file structure_10.cif (mmCIF, N, CA and C atoms)
data_final
#
loop_
_atom_site.group_PDB
_atom_site.id
_atom_site.type_symbol
_atom_site.label_atom_id
_atom_site.label_comp_id
_atom_site.auth_asym_id
_atom_site.auth_seq_id
_atom_site.Cartn_x
_atom_site.Cartn_y
_atom_site.Cartn_z
ATOM 1 N N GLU A 1 -43.675 -162.102 -138.102
ATOM 2 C CA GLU A 1 -43.888 -161.992 -136.670
ATOM 3 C C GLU A 1 -44.438 -163.306 -136.127
ATOM 4 N N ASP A 2 -44.438 -163.424 -134.796
ATOM 5 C CA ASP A 2 -44.951 -164.639 -134.175
ATOM 6 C C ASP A 2 -46.427 -164.838 -134.483
ATOM 7 N N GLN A 3 -47.182 -163.747 -134.604
ATOM 8 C CA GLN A 3 -48.606 -163.785 -134.906
ATOM 9 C C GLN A 3 -48.918 -163.391 -136.344
ATOM 10 N N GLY A 4 -47.907 -163.274 -137.203
ATOM 11 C CA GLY A 4 -48.128 -162.890 -138.578
ATOM 12 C C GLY A 4 -48.671 -164.026 -139.426
ATOM 13 N N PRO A 5 -49.230 -163.711 -140.598
ATOM 14 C CA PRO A 5 -49.767 -164.779 -141.452
ATOM 15 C C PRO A 5 -48.653 -165.593 -142.093
ATOM 16 N N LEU A 6 -48.996 -166.808 -142.513
ATOM 17 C CA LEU A 6 -48.028 -167.684 -143.164
ATOM 18 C C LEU A 6 -47.837 -167.225 -144.604
ATOM 19 N N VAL A 7 -46.582 -167.047 -145.012
ATOM 20 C CA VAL A 7 -46.232 -166.590 -146.353
ATOM 21 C C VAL A 7 -45.651 -167.747 -147.149
ATOM 22 N N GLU A 8 -45.983 -167.793 -148.435
ATOM 23 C CA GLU A 8 -45.492 -168.835 -149.323
ATOM 24 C C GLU A 8 -44.091 -168.472 -149.807
ATOM 25 N N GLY A 9 -43.202 -169.458 -149.834
ATOM 26 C CA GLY A 9 -41.847 -169.217 -150.273
ATOM 27 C C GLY A 9 -41.089 -170.509 -150.477
ATOM 28 N N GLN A 10 -39.812 -170.359 -150.830
ATOM 29 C CA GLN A 10 -38.924 -171.489 -151.072
ATOM 30 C C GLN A 10 -37.599 -171.237 -150.368
ATOM 31 N N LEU A 11 -37.005 -172.316 -149.860
ATOM 32 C CA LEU A 11 -35.734 -172.221 -149.159
ATOM 33 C C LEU A 11 -34.612 -171.852 -150.123
ATOM 34 N N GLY A 12 -33.578 -171.210 -149.575
ATOM 35 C CA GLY A 12 -32.422 -170.790 -150.323
ATOM 36 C C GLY A 12 -31.130 -171.263 -149.690
ATOM 37 N N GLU A 13 -30.033 -170.633 -150.101
ATOM 38 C CA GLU A 13 -28.720 -170.979 -149.579
ATOM 39 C C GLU A 13 -28.404 -170.156 -148.332
ATOM 40 N N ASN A 14 -27.709 -170.790 -147.390
ATOM 41 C CA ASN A 14 -27.323 -170.146 -146.137
ATOM 42 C C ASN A 14 -28.552 -169.673 -145.360
ATOM 43 N N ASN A 15 -29.552 -170.549 -145.268
ATOM 44 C CA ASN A 15 -30.799 -170.266 -144.554
ATOM 45 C C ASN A 15 -31.540 -169.071 -145.149
ATOM 46 N N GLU A 16 -31.389 -168.851 -146.453
ATOM 47 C CA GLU A 16 -32.070 -167.742 -147.107
ATOM 48 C C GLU A 16 -33.463 -168.174 -147.543
ATOM 49 N N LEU A 17 -34.448 -167.318 -147.280
ATOM 50 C CA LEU A 17 -35.837 -167.577 -147.627
ATOM 51 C C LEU A 17 -36.193 -166.764 -148.866
ATOM 52 N N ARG A 18 -36.551 -167.459 -149.945
ATOM 53 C CA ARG A 18 -36.919 -166.837 -151.211
ATOM 54 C C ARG A 18 -38.435 -166.793 -151.317
ATOM 55 N N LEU A 19 -38.963 -165.647 -151.753
ATOM 56 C CA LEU A 19 -40.404 -165.472 -151.882
ATOM 57 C C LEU A 19 -40.958 -165.939 -153.223
ATOM 58 N N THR A 20 -40.102 -166.252 -154.195
ATOM 59 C CA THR A 20 -40.531 -166.689 -155.518
ATOM 60 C C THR A 20 -40.073 -168.118 -155.774
ATOM 61 N N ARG A 21 -40.985 -168.944 -156.281
ATOM 62 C CA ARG A 21 -40.701 -170.343 -156.604
ATOM 63 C C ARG A 21 -40.501 -170.435 -158.111
ATOM 64 N N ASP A 22 -39.234 -170.447 -158.535
ATOM 65 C CA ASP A 22 -38.890 -170.529 -159.948
ATOM 66 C C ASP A 22 -37.716 -171.454 -160.242
ATOM 67 N N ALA A 23 -37.162 -172.131 -159.237
ATOM 68 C CA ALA A 23 -36.035 -173.041 -159.444
ATOM 69 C C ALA A 23 -36.544 -174.445 -159.774
ATOM 70 N N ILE A 24 -37.104 -174.567 -160.979
ATOM 71 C CA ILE A 24 -37.662 -175.820 -161.473
ATOM 72 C C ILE A 24 -36.643 -176.504 -162.373
ATOM 73 N N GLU A 25 -36.528 -177.816 -162.218
ATOM 74 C CA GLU A 25 -35.620 -178.644 -162.996
ATOM 75 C C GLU A 25 -36.320 -179.955 -163.317
ATOM 76 N N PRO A 26 -35.921 -180.636 -164.392
ATOM 77 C CA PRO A 26 -36.571 -181.917 -164.712
ATOM 78 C C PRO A 26 -36.331 -182.931 -163.605
ATOM 79 N N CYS A 27 -37.355 -183.726 -163.310
ATOM 80 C CA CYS A 27 -37.224 -184.736 -162.266
ATOM 81 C C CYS A 27 -36.239 -185.808 -162.714
ATOM 82 N N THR A 28 -35.286 -186.128 -161.837
ATOM 83 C CA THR A 28 -34.252 -187.119 -162.110
ATOM 84 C C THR A 28 -34.428 -188.308 -161.176
ATOM 85 N N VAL A 29 -34.175 -189.507 -161.700
ATOM 86 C CA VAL A 29 -34.304 -190.722 -160.907
ATOM 87 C C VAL A 29 -33.210 -190.753 -159.848
ATOM 88 N N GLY A 30 -33.502 -191.399 -158.713
ATOM 89 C CA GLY A 30 -32.504 -191.550 -157.639
ATOM 90 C C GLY A 30 -32.130 -190.204 -157.071
ATOM 91 N N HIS A 31 -33.083 -189.273 -157.019
ATOM 92 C CA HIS A 31 -32.837 -187.917 -156.474
ATOM 93 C C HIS A 31 -32.345 -188.048 -155.034
ATOM 94 N N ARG A 32 -31.538 -187.089 -154.584
ATOM 95 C CA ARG A 32 -31.021 -187.075 -153.195
ATOM 96 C C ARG A 32 -30.347 -185.717 -153.008
ATOM 97 N N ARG A 33 -30.654 -185.014 -151.916
ATOM 98 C CA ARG A 33 -30.088 -183.662 -151.701
ATOM 99 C C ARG A 33 -30.170 -183.233 -150.234
ATOM 100 N N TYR A 34 -29.063 -182.772 -149.646
ATOM 101 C CA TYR A 34 -29.094 -182.188 -148.281
ATOM 102 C C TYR A 34 -29.297 -180.698 -148.505
ATOM 103 N N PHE A 35 -29.985 -180.003 -147.599
ATOM 104 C CA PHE A 35 -30.199 -178.535 -147.713
ATOM 105 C C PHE A 35 -30.044 -177.925 -146.336
ATOM 106 N N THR A 36 -29.289 -176.843 -146.211
ATOM 107 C CA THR A 36 -29.065 -176.213 -144.918
ATOM 108 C C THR A 36 -30.373 -175.649 -144.381
ATOM 109 N N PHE A 37 -30.654 -175.926 -143.112
ATOM 110 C CA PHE A 37 -31.872 -175.452 -142.466
ATOM 111 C C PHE A 37 -31.558 -175.173 -141.007
ATOM 112 N N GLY A 38 -31.588 -173.901 -140.626
ATOM 113 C CA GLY A 38 -31.291 -173.543 -139.251
ATOM 114 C C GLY A 38 -29.880 -173.956 -138.884
ATOM 115 N N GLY A 39 -29.748 -174.625 -137.738
ATOM 116 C CA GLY A 39 -28.445 -175.079 -137.283
ATOM 117 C C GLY A 39 -28.028 -176.439 -137.798
ATOM 118 N N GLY A 40 -28.897 -177.118 -138.551
ATOM 119 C CA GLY A 40 -28.610 -178.434 -139.092
ATOM 120 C C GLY A 40 -28.911 -178.500 -140.578
ATOM 121 N N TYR A 41 -29.331 -179.688 -141.013
ATOM 122 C CA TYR A 41 -29.664 -179.955 -142.406
ATOM 123 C C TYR A 41 -30.978 -180.717 -142.500
ATOM 124 N N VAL A 42 -31.563 -180.690 -143.692
ATOM 125 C CA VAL A 42 -32.801 -181.400 -144.004
ATOM 126 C C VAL A 42 -32.487 -182.339 -145.161
ATOM 127 N N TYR A 43 -32.740 -183.625 -144.951
ATOM 128 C CA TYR A 43 -32.462 -184.658 -145.937
ATOM 129 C C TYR A 43 -33.701 -184.963 -146.765
ATOM 130 N N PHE A 44 -33.493 -185.119 -148.073
ATOM 131 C CA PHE A 44 -34.554 -185.415 -149.024
ATOM 132 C C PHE A 44 -34.125 -186.558 -149.932
ATOM 133 N N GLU A 45 -35.071 -187.441 -150.244
ATOM 134 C CA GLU A 45 -34.842 -188.589 -151.111
ATOM 135 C C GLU A 45 -36.011 -188.714 -152.073
ATOM 136 N N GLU A 46 -35.700 -188.804 -153.368
ATOM 137 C CA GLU A 46 -36.723 -188.913 -154.406
ATOM 138 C C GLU A 46 -37.689 -187.733 -154.319
ATOM 139 N N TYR A 47 -37.134 -186.557 -154.033
ATOM 140 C CA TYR A 47 -37.870 -185.305 -153.881
ATOM 141 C C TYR A 47 -38.861 -185.346 -152.725
ATOM 142 N N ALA A 48 -38.620 -186.199 -151.730
ATOM 143 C CA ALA A 48 -39.482 -186.340 -150.567
ATOM 144 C C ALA A 48 -38.686 -186.106 -149.288
ATOM 145 N N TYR A 49 -39.277 -185.339 -148.377
ATOM 146 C CA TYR A 49 -38.635 -185.035 -147.105
ATOM 147 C C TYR A 49 -38.374 -186.315 -146.320
ATOM 148 N N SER A 50 -37.219 -186.361 -145.650
ATOM 149 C CA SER A 50 -36.832 -187.528 -144.861
ATOM 150 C C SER A 50 -36.783 -187.234 -143.366
ATOM 151 N N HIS A 51 -35.949 -186.295 -142.918
ATOM 152 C CA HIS A 51 -35.836 -185.964 -141.499
ATOM 153 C C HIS A 51 -34.797 -184.865 -141.321
ATOM 154 N N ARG B 1 -7.018 -186.414 -151.070
ATOM 155 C CA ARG B 1 -6.746 -187.451 -152.053
ATOM 156 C C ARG B 1 -7.624 -187.193 -153.269
ATOM 157 N N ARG B 2 -7.168 -187.673 -154.425
ATOM 158 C CA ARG B 2 -7.902 -187.484 -155.673
ATOM 159 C C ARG B 2 -9.271 -188.150 -155.571
ATOM 160 N N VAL B 3 -10.328 -187.344 -155.636
ATOM 161 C CA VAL B 3 -11.699 -187.832 -155.550
ATOM 162 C C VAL B 3 -12.577 -187.020 -156.487
ATOM 163 N N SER B 4 -13.740 -187.581 -156.799
ATOM 164 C CA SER B 4 -14.732 -186.940 -157.649
ATOM 165 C C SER B 4 -15.948 -186.612 -156.798
ATOM 166 N N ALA B 5 -16.534 -185.444 -157.050
ATOM 167 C CA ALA B 5 -17.682 -184.994 -156.281
ATOM 168 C C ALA B 5 -18.715 -184.346 -157.185
ATOM 169 N N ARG B 6 -19.943 -184.312 -156.675
ATOM 170 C CA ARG B 6 -21.076 -183.708 -157.350
ATOM 171 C C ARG B 6 -21.938 -183.068 -156.273
ATOM 172 N N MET B 7 -22.433 -181.868 -156.565
ATOM 173 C CA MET B 7 -23.261 -181.111 -155.633
ATOM 174 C C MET B 7 -24.481 -181.935 -155.235
ATOM 175 N N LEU B 8 -24.627 -182.171 -153.926
ATOM 176 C CA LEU B 8 -25.765 -182.897 -153.370
ATOM 177 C C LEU B 8 -26.655 -181.876 -152.662
ATOM 178 N N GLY B 9 -26.583 -180.623 -153.111
ATOM 179 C CA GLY B 9 -27.327 -179.529 -152.527
ATOM 180 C C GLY B 9 -26.339 -178.620 -151.829
ATOM 181 N N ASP B 10 -26.497 -178.442 -150.523
ATOM 182 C CA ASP B 10 -25.582 -177.619 -149.746
ATOM 183 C C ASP B 10 -24.353 -178.399 -149.288
ATOM 184 N N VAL B 11 -24.275 -179.690 -149.604
ATOM 185 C CA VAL B 11 -23.171 -180.563 -149.236
ATOM 186 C C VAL B 11 -22.746 -181.310 -150.491
ATOM 187 N N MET B 12 -21.560 -181.915 -150.438
ATOM 188 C CA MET B 12 -21.005 -182.656 -151.569
ATOM 189 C C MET B 12 -20.737 -184.106 -151.205
ATOM 190 N N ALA B 13 -20.862 -184.974 -152.203
ATOM 191 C CA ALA B 13 -20.565 -186.388 -152.061
ATOM 192 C C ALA B 13 -19.165 -186.623 -152.616
ATOM 193 N N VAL B 14 -18.569 -187.765 -152.277
ATOM 194 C CA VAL B 14 -17.219 -188.062 -152.742
ATOM 195 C C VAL B 14 -17.048 -189.550 -153.014
ATOM 196 N N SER B 15 -16.227 -189.842 -154.021
ATOM 197 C CA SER B 15 -15.892 -191.192 -154.445
ATOM 198 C C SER B 15 -14.395 -191.244 -154.703
ATOM 199 N N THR B 16 -13.747 -192.303 -154.225
ATOM 200 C CA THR B 16 -12.306 -192.452 -154.393
ATOM 201 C C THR B 16 -11.988 -192.977 -155.787
ATOM 202 N N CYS B 17 -11.102 -192.278 -156.491
ATOM 203 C CA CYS B 17 -10.709 -192.685 -157.832
ATOM 204 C C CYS B 17 -9.562 -193.690 -157.765
ATOM 205 N N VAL B 18 -9.508 -194.568 -158.755
ATOM 206 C CA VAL B 18 -8.482 -195.608 -158.842
ATOM 207 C C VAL B 18 -7.374 -195.116 -159.767
ATOM 208 N N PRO B 19 -6.095 -195.267 -159.411
ATOM 209 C CA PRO B 19 -5.037 -194.796 -160.313
ATOM 210 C C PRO B 19 -4.835 -195.735 -161.494
ATOM 211 N N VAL B 20 -4.146 -195.216 -162.510
ATOM 212 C CA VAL B 20 -3.837 -195.963 -163.725
ATOM 213 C C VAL B 20 -2.454 -195.532 -164.194
ATOM 214 N N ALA B 21 -1.601 -196.502 -164.516
ATOM 215 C CA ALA B 21 -0.252 -196.197 -164.972
ATOM 216 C C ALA B 21 -0.280 -195.496 -166.325
ATOM 217 N N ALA B 22 0.740 -194.668 -166.565
ATOM 218 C CA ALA B 22 0.846 -193.928 -167.816
ATOM 219 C C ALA B 22 0.981 -194.831 -169.033
ATOM 220 N N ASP B 23 1.795 -195.882 -168.956
ATOM 221 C CA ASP B 23 1.982 -196.798 -170.075
ATOM 222 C C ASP B 23 0.698 -197.497 -170.503
ATOM 223 N N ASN B 24 -0.290 -197.602 -169.614
ATOM 224 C CA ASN B 24 -1.558 -198.250 -169.915
ATOM 225 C C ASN B 24 -2.583 -197.290 -170.520
ATOM 226 N N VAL B 25 -2.143 -196.132 -171.011
ATOM 227 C CA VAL B 25 -3.021 -195.135 -171.613
ATOM 228 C C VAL B 25 -2.381 -194.635 -172.899
ATOM 229 N N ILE B 26 -3.203 -194.425 -173.925
ATOM 230 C CA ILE B 26 -2.740 -193.943 -175.220
ATOM 231 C C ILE B 26 -3.803 -193.024 -175.805
ATOM 232 N N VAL B 27 -3.345 -191.977 -176.486
ATOM 233 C CA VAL B 27 -4.215 -190.987 -177.113
ATOM 234 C C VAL B 27 -4.298 -191.291 -178.601
ATOM 235 N N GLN B 28 -5.499 -191.178 -179.163
ATOM 236 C CA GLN B 28 -5.695 -191.443 -180.580
ATOM 237 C C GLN B 28 -5.069 -190.342 -181.426
ATOM 238 N N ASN B 29 -4.741 -190.693 -182.671
ATOM 239 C CA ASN B 29 -4.134 -189.738 -183.587
ATOM 240 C C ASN B 29 -5.120 -188.713 -184.128
ATOM 241 N N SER B 30 -6.425 -188.924 -183.953
ATOM 242 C CA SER B 30 -7.413 -187.982 -184.455
ATOM 243 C C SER B 30 -8.640 -187.992 -183.558
ATOM 244 N N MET B 31 -9.426 -186.918 -183.672
ATOM 245 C CA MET B 31 -10.645 -186.762 -182.880
ATOM 246 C C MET B 31 -11.881 -186.896 -183.761
ATOM 247 N N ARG B 32 -11.734 -186.621 -185.063
ATOM 248 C CA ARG B 32 -12.791 -186.627 -186.074
ATOM 249 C C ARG B 32 -13.912 -187.638 -185.866
ATOM 250 N N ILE B 33 -15.151 -187.139 -185.899
ATOM 251 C CA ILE B 33 -16.354 -187.948 -185.748
ATOM 252 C C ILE B 33 -16.900 -188.163 -187.153
ATOM 253 N N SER B 34 -16.485 -189.257 -187.794
ATOM 254 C CA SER B 34 -16.925 -189.536 -189.157
ATOM 255 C C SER B 34 -18.425 -189.798 -189.248
ATOM 256 N N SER B 35 -19.074 -190.152 -188.136
ATOM 257 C CA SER B 35 -20.504 -190.436 -188.174
ATOM 258 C C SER B 35 -21.370 -189.179 -188.154
ATOM 259 N N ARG B 36 -20.826 -188.028 -187.768
ATOM 260 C CA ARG B 36 -21.590 -186.781 -187.705
ATOM 261 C C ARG B 36 -20.720 -185.594 -188.092
ATOM 262 N N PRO B 37 -20.695 -185.227 -189.377
ATOM 263 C CA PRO B 37 -19.899 -184.063 -189.783
ATOM 264 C C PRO B 37 -20.396 -182.803 -189.089
ATOM 265 N N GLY B 38 -19.458 -181.921 -188.740
ATOM 266 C CA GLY B 38 -19.780 -180.686 -188.057
ATOM 267 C C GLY B 38 -19.736 -180.763 -186.548
ATOM 268 N N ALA B 39 -19.661 -181.964 -185.976
ATOM 269 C CA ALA B 39 -19.595 -182.170 -184.535
ATOM 270 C C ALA B 39 -18.180 -182.597 -184.177
ATOM 271 N N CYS B 40 -17.586 -181.917 -183.195
ATOM 272 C CA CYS B 40 -16.224 -182.194 -182.760
ATOM 273 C C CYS B 40 -16.147 -182.226 -181.240
ATOM 274 N N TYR B 41 -15.432 -183.216 -180.707
ATOM 275 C CA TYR B 41 -15.274 -183.323 -179.262
ATOM 276 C C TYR B 41 -14.385 -182.196 -178.755
ATOM 277 N N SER B 42 -14.661 -181.732 -177.534
ATOM 278 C CA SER B 42 -13.864 -180.661 -176.950
ATOM 279 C C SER B 42 -12.586 -181.164 -176.294
ATOM 280 N N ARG B 43 -12.458 -182.478 -176.082
ATOM 281 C CA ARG B 43 -11.283 -183.072 -175.461
ATOM 282 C C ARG B 43 -10.887 -184.312 -176.257
ATOM 283 N N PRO B 44 -9.603 -184.686 -176.279
ATOM 284 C CA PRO B 44 -9.210 -185.873 -177.051
ATOM 285 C C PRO B 44 -9.724 -187.165 -176.436
ATOM 286 N N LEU B 45 -9.865 -188.179 -177.284
ATOM 287 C CA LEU B 45 -10.316 -189.491 -176.848
ATOM 288 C C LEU B 45 -9.119 -190.299 -176.365
ATOM 289 N N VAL B 46 -9.393 -191.362 -175.604
ATOM 290 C CA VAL B 46 -8.339 -192.211 -175.062
ATOM 291 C C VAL B 46 -8.818 -193.650 -174.929
ATOM 292 N N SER B 47 -7.845 -194.551 -174.854
ATOM 293 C CA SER B 47 -8.053 -195.981 -174.682
ATOM 294 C C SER B 47 -7.108 -196.424 -173.578
ATOM 295 N N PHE B 48 -7.633 -197.146 -172.589
ATOM 296 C CA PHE B 48 -6.804 -197.574 -171.472
ATOM 297 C C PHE B 48 -7.299 -198.894 -170.905
ATOM 298 N N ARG B 49 -6.465 -199.471 -170.041
ATOM 299 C CA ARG B 49 -6.744 -200.723 -169.361
ATOM 300 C C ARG B 49 -6.366 -200.568 -167.895
ATOM 301 N N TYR B 50 -7.210 -201.106 -167.014
ATOM 302 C CA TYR B 50 -6.944 -201.006 -165.581
ATOM 303 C C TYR B 50 -5.659 -201.739 -165.211
#
call {"tool": "encode", "arguments": {"input": "structure_10.cif", "output": "structure tokens"}}
result
Amino acid sequence: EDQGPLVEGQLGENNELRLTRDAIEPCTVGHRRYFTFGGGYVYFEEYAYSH
Amino acid sequence: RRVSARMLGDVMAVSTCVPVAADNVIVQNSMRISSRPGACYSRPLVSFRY
């Protein structure tokens, strides 16, 4: 809800919100990944948010 | 067009592949890995020149 508490979770596919954080993988050099978010995308580089 | 891609998350990247003539490629007569008995490649090996 608009006034509900903040819940911990992880993003999924097709704007899906997952409540469990278990998609762990070994860190790879030169990381880069686009992820669907709302009507656009979220860009990440070296496992760090970009814009 | 013939391209190679890898999952970049919810989107894919692409790279244009370069062609190679058939005469410039040859398959070896065997796959056997003499350096490691018990290990076998799942695809044949090849030697080629651009």
call {"tool": "closest_atom_pairs", "arguments": {"input": "structure_10.cif", "of": "chain B", "to": "chain A", "cutoff": "7 Å", "atoms": "all atoms listed in the file", "output": "JSON lines"}}
result
{"residue": "B:7", "atom": "C", "partner": "A:33", "partner_atom": "CA", "distance": 6.8}
{"residue": "B:8", "atom": "C", "partner": "A:34", "partner_atom": "N", "distance": 4.0}
{"residue": "B:9", "atom": "CA", "partner": "A:34", "partner_atom": "C", "distance": 4.6}
{"residue": "B:10", "atom": "N", "partner": "A:34", "partner_atom": "C", "distance": 4.1}
{"residue": "B:11", "atom": "N", "partner": "A:34", "partner_atom": "C", "distance": 5.2}
call {"tool": "atom_distance", "arguments": {"input": "structure_10.cif", "atom1": "atom CA of residue 10 of chain A", "atom2": "atom CA of residue 24 of chain A"}}
result
11.3 Å
call {"tool": "atom_distance", "arguments": {"input": "structure_10.cif", "atom1": "atom CA of residue 12 of chain B", "atom2": "atom N of residue 26 of chain A"}}
result
19.8 Å
call {"tool": "residues_around", "arguments": {"input": "structure_10.cif", "residues": "segment 38-45 of chain B", "least_positions_apart": "5", "cutoff": "7 Å", "atoms": "all atoms listed in the file", "output": "PyMOL selection string"}}
result
chain B and resi 26-28+30-33
call {"tool": "write_last_selection", "arguments": {"input": "structure_10.cif", "atoms": "N, CA and C atoms", "output": "short mmCIF file (atom, residue, chain, number, x, y, z; two decimals), in the frame of the given file"}}
result
data_model
loop_
_atom_site.label_atom_id
_atom_site.label_comp_id
_atom_site.auth_asym_id
_atom_site.auth_seq_id
_atom_site.Cartn_x
_atom_site.Cartn_y
_atom_site.Cartn_z
N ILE B 26 -3.20 -194.42 -173.92
CA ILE B 26 -2.74 -193.94 -175.22
C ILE B 26 -3.80 -193.02 -175.80
N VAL B 27 -3.34 -191.98 -176.49
CA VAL B 27 -4.22 -190.99 -177.11
C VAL B 27 -4.30 -191.29 -178.60
N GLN B 28 -5.50 -191.18 -179.16
CA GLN B 28 -5.70 -191.44 -180.58
C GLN B 28 -5.07 -190.34 -181.43
N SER B 30 -6.42 -188.92 -183.95
CA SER B 30 -7.41 -187.98 -184.46
C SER B 30 -8.64 -187.99 -183.56
N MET B 31 -9.43 -186.92 -183.67
CA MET B 31 -10.64 -186.76 -182.88
C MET B 31 -11.88 -186.90 -183.76
N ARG B 32 -11.73 -186.62 -185.06
CA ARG B 32 -12.79 -186.63 -186.07
C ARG B 32 -13.91 -187.64 -185.87
N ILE B 33 -15.15 -187.14 -185.90
CA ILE B 33 -16.35 -187.95 -185.75
C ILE B 33 -16.90 -188.16 -187.15
#
call {"tool": "resolve_selection", "arguments": {"input": "structure_10.cif", "expression": "the PyMOL selection byres (((chain B and resi 47 and name CA) around 6) and name CA)", "output": "JSON, numbers by chain"}}
result
{"B": [25, 26, 46, 48]}
call {"tool": "atom_distance", "arguments": {"input": "structure_10.cif", "atom1": "atom CA of residue 27 of chain A", "atom2": "atom CA of residue 5 of chain B"}}
result
20.4 Å
call {"tool": "resolve_selection", "arguments": {"input": "structure_10.cif", "expression": "the PyMOL selection byres (((chain B and resi 3 and name CA) around 7) and name CA)", "output": "PyMOL selection string"}}
result
chain B and resi 1-2+4-5+14-17
call {"tool": "select_by_dssp", "arguments": {"input": "structure_10.cif", "residues": "chain A", "states": "strand (DSSP E or B)", "output": "ChimeraX atom specification"}}
result
/A:10-11,17-18,32-37,40-45,48-49
call {"tool": "closest_residue", "arguments": {"input": "structure_10.cif", "among": "B:34, B:13, B:6, B:21", "to": "residue 50 of chain B", "atoms": "only C-alpha atoms"}}
result
B:21
call {"tool": "build_atoms", "arguments": {"input": "structure_10.cif", "residues": "segment 15-28 of chain A", "atoms": "N, CA, C and O atoms", "output": "PDB file, in the coordinates of the input"}}
result
ATOM      1  N   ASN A  15     -29.552-170.549-145.268  1.00  0.00           N
ATOM      2  CA  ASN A  15     -30.799-170.266-144.554  1.00  0.00           C
ATOM      3  C   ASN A  15     -31.540-169.071-145.149  1.00  0.00           C
ATOM      4  O   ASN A  15     -32.248-168.353-144.439  1.00  0.00           O
ATOM      5  N   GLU A  16     -31.389-168.851-146.453  1.00  0.00           N
ATOM      6  CA  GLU A  16     -32.070-167.742-147.107  1.00  0.00           C
ATOM      7  C   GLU A  16     -33.463-168.174-147.543  1.00  0.00           C
ATOM      8  O   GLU A  16     -33.646-169.256-148.102  1.00  0.00           O
ATOM      9  N   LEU A  17     -34.448-167.318-147.280  1.00  0.00           N
ATOM     10  CA  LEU A  17     -35.837-167.577-147.627  1.00  0.00           C
ATOM     11  C   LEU A  17     -36.193-166.764-148.866  1.00  0.00           C
ATOM     12  O   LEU A  17     -36.142-165.530-148.838  1.00  0.00           O
ATOM     13  N   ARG A  18     -36.551-167.459-149.945  1.00  0.00           N
ATOM     14  CA  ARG A  18     -36.919-166.837-151.211  1.00  0.00           C
ATOM     15  C   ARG A  18     -38.435-166.793-151.317  1.00  0.00           C
ATOM     16  O   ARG A  18     -39.112-167.777-151.005  1.00  0.00           O
ATOM     17  N   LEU A  19     -38.963-165.647-151.753  1.00  0.00           N
ATOM     18  CA  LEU A  19     -40.404-165.472-151.882  1.00  0.00           C
ATOM     19  C   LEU A  19     -40.958-165.939-153.223  1.00  0.00           C
ATOM     20  O   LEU A  19     -42.183-166.012-153.368  1.00  0.00           O
ATOM     21  N   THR A  20     -40.102-166.252-154.195  1.00  0.00           N
ATOM     22  CA  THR A  20     -40.531-166.689-155.518  1.00  0.00           C
ATOM     23  C   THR A  20     -40.073-168.118-155.774  1.00  0.00           C
ATOM     24  O   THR A  20     -38.911-168.459-155.521  1.00  0.00           O
ATOM     25  N   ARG A  21     -40.985-168.944-156.281  1.00  0.00           N
ATOM     26  CA  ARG A  21     -40.701-170.343-156.604  1.00  0.00           C
ATOM     27  C   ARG A  21     -40.501-170.435-158.111  1.00  0.00           C
ATOM     28  O   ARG A  21     -41.458-170.490-158.884  1.00  0.00           O
ATOM     29  N   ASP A  22     -39.234-170.447-158.535  1.00  0.00           N
ATOM     30  CA  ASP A  22     -38.890-170.529-159.948  1.00  0.00           C
ATOM     31  C   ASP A  22     -37.716-171.454-160.242  1.00  0.00           C
ATOM     32  O   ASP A  22     -37.312-171.554-161.406  1.00  0.00           O
ATOM     33  N   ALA A  23     -37.162-172.131-159.237  1.00  0.00           N
ATOM     34  CA  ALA A  23     -36.035-173.041-159.444  1.00  0.00           C
ATOM     35  C   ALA A  23     -36.544-174.445-159.774  1.00  0.00           C
ATOM     36  O   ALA A  23     -36.441-175.385-158.986  1.00  0.00           O
ATOM     37  N   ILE A  24     -37.104-174.567-160.979  1.00  0.00           N
ATOM     38  CA  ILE A  24     -37.662-175.820-161.473  1.00  0.00           C
ATOM     39  C   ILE A  24     -36.643-176.504-162.373  1.00  0.00           C
ATOM     40  O   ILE A  24     -35.974-175.865-163.193  1.00  0.00           O
ATOM     41  N   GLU A  25     -36.528-177.816-162.218  1.00  0.00           N
ATOM     42  CA  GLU A  25     -35.620-178.644-162.996  1.00  0.00           C
ATOM     43  C   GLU A  25     -36.320-179.955-163.317  1.00  0.00           C
ATOM     44  O   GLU A  25     -37.233-180.364-162.593  1.00  0.00           O
ATOM     45  N   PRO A  26     -35.921-180.636-164.392  1.00  0.00           N
ATOM     46  CA  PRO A  26     -36.571-181.917-164.712  1.00  0.00           C
ATOM     47  C   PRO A  26     -36.331-182.931-163.605  1.00  0.00           C
ATOM     48  O   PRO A  26     -35.243-182.998-163.027  1.00  0.00           O
ATOM     49  N   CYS A  27     -37.355-183.726-163.310  1.00  0.00           N
ATOM     50  CA  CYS A  27     -37.224-184.736-162.266  1.00  0.00           C
ATOM     51  C   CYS A  27     -36.239-185.808-162.714  1.00  0.00           C
ATOM     52  O   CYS A  27     -36.337-186.334-163.824  1.00  0.00           O
ATOM     53  N   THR A  28     -35.286-186.128-161.837  1.00  0.00           N
ATOM     54  CA  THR A  28     -34.252-187.119-162.110  1.00  0.00           C
ATOM     55  C   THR A  28     -34.428-188.308-161.176  1.00  0.00           C
ATOM     56  O   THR A  28     -34.783-188.138-160.007  1.00  0.00           O
TER      57      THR A  28
END
